[PDB]
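Enquirer: Residue numbers (the numbering used here), protein chains in the order written: chain A, 25 to 71; chain B, 55 to 102.
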Amino acid sequence: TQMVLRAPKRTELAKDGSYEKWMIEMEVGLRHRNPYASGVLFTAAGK
Amino acid sequence: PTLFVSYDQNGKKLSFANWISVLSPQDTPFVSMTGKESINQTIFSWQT
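(1) So which residues on chain B does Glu44 (chain A) lean against when the C-beta distance must stay under 8 Å?
(2) Suppose contacts are defined by Cβ-Cβ distances below 8 Å. Is residue 16 (chain A) in contact with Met27 (chain A) by that definition?
(3) Kindly provide the ranges of any beta strand (DSSP E) runs that are 3 or more residues long and lie completely inside the region 41 to 65 of chain A, ordered along the chain.
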């Protein structure tokens, strides 16, 4: 599952000059129901 | 969209003018109403 607290959104910031600043922030987290519900096979070289 | 920059652009559609400035005048009013005369040799003469 993809646990999202702050969804992505474009946030315009202050100018303080002759330009335009913006921001694209986001907050996400990963979840797994059970550690043994998925496997990870690491690739290894020769002996 | 971060820290807008407009000077480092790569593809700039130049704002060139579609004309050329030429001021060389071409009045020559005299030759326009004087009349020309054709000849058949490299030398012409007249009596005096």
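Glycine included, every Cβ here is placed at the ideal spot set by N, Cα and C.
Expert: In brief:
(1) Correct list: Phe58.
(2) Residue 16 (chain A) lies beyond the stretch modelled for chain A, which goes from 25 to 71, so this question has no answer here.
(3) Those beta strand (DSSP E) runs which fall completely within the region 41 to 65 of chain A and span 3+ residues are 48 to 54.
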